[PDB]
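Encoded as structure tokens, the structure appears first; notes follow it.
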Amino acid sequence: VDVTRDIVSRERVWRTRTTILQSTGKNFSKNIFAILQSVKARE
Amino acid sequence: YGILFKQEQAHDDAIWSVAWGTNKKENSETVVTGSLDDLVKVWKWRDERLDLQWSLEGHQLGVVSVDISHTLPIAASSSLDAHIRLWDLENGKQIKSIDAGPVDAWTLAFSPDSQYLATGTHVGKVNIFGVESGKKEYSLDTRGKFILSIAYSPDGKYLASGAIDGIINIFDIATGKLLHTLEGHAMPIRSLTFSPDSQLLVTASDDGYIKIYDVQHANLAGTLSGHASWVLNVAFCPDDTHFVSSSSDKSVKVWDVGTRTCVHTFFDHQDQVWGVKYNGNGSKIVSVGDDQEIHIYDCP
Amino acid sequence: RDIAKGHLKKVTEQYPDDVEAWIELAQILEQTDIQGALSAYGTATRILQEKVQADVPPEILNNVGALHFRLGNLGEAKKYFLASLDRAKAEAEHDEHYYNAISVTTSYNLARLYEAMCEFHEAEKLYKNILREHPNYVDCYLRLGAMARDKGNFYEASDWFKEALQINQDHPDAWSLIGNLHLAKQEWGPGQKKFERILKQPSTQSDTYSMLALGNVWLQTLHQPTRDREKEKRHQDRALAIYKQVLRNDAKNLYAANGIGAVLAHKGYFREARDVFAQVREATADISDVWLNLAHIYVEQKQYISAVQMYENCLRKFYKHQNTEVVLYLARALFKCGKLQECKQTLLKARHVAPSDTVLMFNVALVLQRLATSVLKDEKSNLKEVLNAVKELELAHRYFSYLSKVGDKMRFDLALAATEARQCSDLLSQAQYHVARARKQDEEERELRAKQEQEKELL
Amino acid sequence: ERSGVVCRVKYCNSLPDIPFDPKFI
């Protein structure tokens, strides 16, 4: 109905699900994938 | 409305149960505490100040329940020891140790005439004990999973039981048979209180829901939302006008029976409160917790 | 957005009759620091009063209450929502601006606030007021469901959740919450492939949240005796594949890296685990899981004095006074004195709220056995404590008997209490040996106090 | 003693739920 688009337009979402999982700092995964490959070097 | 007395470091370890005597058998004058430190500290509330009368030991594990007789100046204590020790308070001496062996023991309750001793059991039975005998006279067998909370009707005509997952069982203690098996809760009930007229009944689960049930027709009089944590203990204001709520979040909300309103909240324990009891009229309110510090709340 | 920040602090110090300048200040500040948004709204409340004494439009006041919701200012957040609804009522004729719809979302926020008050009664009231007038809305339809989820799963919780999919099967949040219900039923583990496949339609993909849920339901499969059968090895590598996938699509997810470290720790690389958990540790400490998983490594180096403190640090959340698995994961190789008697006290705390557990009553019997054999063998110890020793081992034998009569165990039968029974019998013999030694030390302390009595008479 | 205390040791992993931040008009 008009109420649905009427509300979901005017509000805002600053807090979702997905960026909870993502960290507020910058933690890249190269270090993570480097040790991922390093344990594979033990394999 | 506030705190009158605060008892700093009243126990070595965390208190689990409280007993404040209501009558004039020198039990309004005293307090009984039950803790993890195996100390049953008899606290003489004399000259409106809290003095240690006795400290009772031998409960080799942490105390799960303490209570004071309505019709007698004696007391009784339980623990995980399954040795329900019976205590004389004028001397601070043990009357007997009721071995509820091997483990099958839980929280206790003085009868309104202080003759029968109800307790919970792992099997779901409710074992009734002779205060004179120390013997399991008969077990109120109502199947379930585990019995957690019980209360006598103070007028001495019913029993209610709170189980490990929200089973409410209504009994006629004159005949010891199950009247109603009420199921308003799903999560564990730790305390339940018959009304002073035994017309109502309070439930304290892990949901913060005080679901108040009628007794005489055994139906829901209303659900009351409480704290954020698990509400643990409850006592009626003995003039049947209020009831107090111990929770798991360092917070004690005080409730009206009718208007379902937090008429007051104390926050004074920095740790999780465990047990509550009023005055003989309900002005003083006693309160324990893991702070090992006992707070006495005047509430006019 | 950065240029927006620059322009906003190009105009904030200025005033070319700034009116909305604080509005579009805070309008980007809601992602950022909330206090900046508060300050912007603060002088924005004022700025609508001097040019003309004009009441603040309720969209502002609702949003500042929304800010205080994530702050500690819950009460005046409630006052903001009340006066917001009043100002929307003061928007008597503004169905162009749709003050009614603004009141709808304001009431949604206020019901969410009543949930923060734990005033679930009034939360129910506001929610059913909105749904009886706008049943097309879903979030109110499921927060009600979430409220009954706090009571339990098979309530109308689960049914509001399913009808939220019935009104909107495209809705990924509710659809995720469907399987979130099924997380309670872990026996519905392998069945969750289907109930987390339904919106693996690629309109919903990519859904990091759901695919991490796949990784999590795939990791709970682990710690089974079938790893040697290559089955949990395949499961470990499959979870690893999920974690590589979420790794490539997001380097900055932290629950992912927790998953990688967990699966490699299950692969026995615990020196290779504290590092990867250290990363998410600086990333955010406020993840309850990583506190546990680090201390598991610590006790794997037997670093108890680094572990149990961080256990009780995990206990510093306002969640549960006796969490069970945390004190389980606490009492693992606890071998020192406080690792024995205060270990017993922790077990008693757990037992107080959990007397149903067979494992816990076994473990108290174990620790009582340990402290009993700590006081009777090279000891030569006090009268009173060895008097308590016989009672406590008697109790331990009562539990040895009691558990052994019970059938169901932790999928490992506890007939191991039988060798504890032969032990406690020979402990009875040892106690009868050493209680005589207790009487000996009593009589010699009597004779030496006689020896001091005579010499003090001499003085 | 002879062996350590028994546990079903698992490196579990929890999930946050949906936040539902109060909305911003």
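Here the Cβ positions follow ideal geometry from the backbone for every residue, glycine too, while neighbour counts run over all protein chains shown. Laboratory data are not the source of any read-out in this text; all were calculated from the coordinates shown.
Just for segment C:190-238: of the residues that are of a type in the set (S, T, N, Q) and not in a loop (DSSP other than H, G, I, E, B), which one is farthest from the chain's Cα centre (by Cα)?
If we take residues in segment C:190-238 being of a type in the set (S, T, N, Q) and not in a loop (DSSP other than H, G, I, E, B), then C:236 is farthest from the chain's Cα centre (by Cα).
Of the strands (runs of 3 or more DSSP E) lying entirely inside segment B:1-119, the ones with 2 or more residues being hydroxyl-bearing (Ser, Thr, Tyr) and crowded, with 18+ Cβ neighbours inside 10 Å are found at B:30-35, B:74-79. Counting only helices (runs of 4 or more DSSP H) that sit completely within chain A, those holding 2 or more residues that are among the basic types (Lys, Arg) and away from chain D (no Cβ under 14 Å) correspond to A:30-42. Tallying residues that are under 27 Å from residue C:27 (Cβ atoms) and within 7 Å of chain C (Cβ to nearest Cβ) within segment D:1-16 yields 0.
Would you confirm whether or not segment C:172-188 contains a residue that is away from chain D (no Cβ under 14 Å) and in a helix (DSSP H, G or I)? No, every residue in segment C:172-188 fails to be away from chain D (no Cβ under 14 Å) and in a helix (DSSP H, G or I).
Return yes or no: is residue C:125 without any contact (Cβ under 8 Å) to a residue 40 or more places away in the chain, within 8 Å of another protein chain (Cβ to nearest Cβ) and surrounded by fewer than 21 Cβ atoms within 10 Å (Cβ to Cβ)? When the stated conditions are applied, residue C:125 does not pass them. Figure legend. Inter-residue proximity from segment C:233-245: first residues free of Cβ contacts under 8 Å to residues at least 12 places away in the same chain and under 16 Å from residue C:223 (Cβ atoms), second residues surrounded by fewer than 19 Cβ atoms within 10 Å (Cβ to Cβ) and not polar (S, T, N, Q), beta-carbon distance below 8 Å, spacing 6+ or different chains. Indicated pairs: C:233/C:227.
For segment B:182-284, which fully contained strands (runs of 3 or more DSSP E) count at least 3 residues that are without any contact (Cβ under 8 Å) to a residue 40 or more places away in the chain?
Values: elements: B:191-194, B:200-204, B:209-214, B:220-225, B:231-236, B:242-247, B:252-256, B:262-266, B:273-278.
Of the strands (runs of 3 or more DSSP E) lying wholly inside segment B:182-284, those with at least 3 residues that are without any contact (Cβ under 8 Å) to a residue 40 or more places away in the chain span B:209-214, B:220-225, B:262-266.
Applying the selection to segment B:150-193, what residues are touching a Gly at 6+ places or on another chain (Cβ under 8 Å) and either among the β-branched types (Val, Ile, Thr) or on the phi > 0 side of the Ramachandran plot (or both)? Correct list: B:150, B:164, B:166, B:167, B:168, B:173, B:189. Against the list (1) within 23 Å of residue B:164 (Cα to Cα); (2) surrounded by fewer than 19 Cβ atoms within 10 Å (Cβ to Cβ), the condition residue B:125 fails is (2).
Scanning segment C:346-369 for residues that are surrounded by fewer than 17 Cβ atoms within 10 Å (Cβ to Cβ) and touching an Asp or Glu at 6+ places or on another chain (Cβ under 9 Å) yields a single hit, C:358. Residues satisfying the criterion are present in segment B:40-57 (criterion: free of Cβ contacts under 8 Å to residues at least 40 places away in the same chain and within 14 Å of chain C (Cβ to nearest Cβ)).
When you look at residue C:376, is it surrounded by 20 or more Cβ atoms within 10 Å (Cβ to Cβ), more than 13 Å from chain B (Cβ to nearest Cβ) and hydrophobic (A, V, I, L, M, F, W, C), yes or no? When the stated conditions are applied, residue C:376 passes them.
Within segment C:106-120, can one find any residue that is in contact (Cβ under 8 Å) with a residue 24 or more places away in the chain and over 23 Å from residue C:150 (Cα atoms)? So far as segment C:106-120 goes, yes, one or more of its residues are in contact (Cβ under 8 Å) with a residue 24 or more places away in the chain and over 23 Å from residue C:150 (Cα atoms).
Residues checked against (1) within 14 Å of chain B (Cβ to nearest Cβ); (2) within 24 Å of residue B:59 (Cα to Cα):
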position	(1), (2)
C:387	yes, yes
C:399	yes, yes
C:404	yes, no
C:413	no, no
C:427	no, yes
C:442	no, no
C:450	no, no
C:456	no, no
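Within chain D, restricting attention to residues that are among the hydroxyl-bearing types (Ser, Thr, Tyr) and in contact with a helix residue (DSSP H, G or I) (Cβ under 6 Å, 6 or more places away or on another chain), the residue that is nearest to residue C:180 (Cα to Cα) is D:14.
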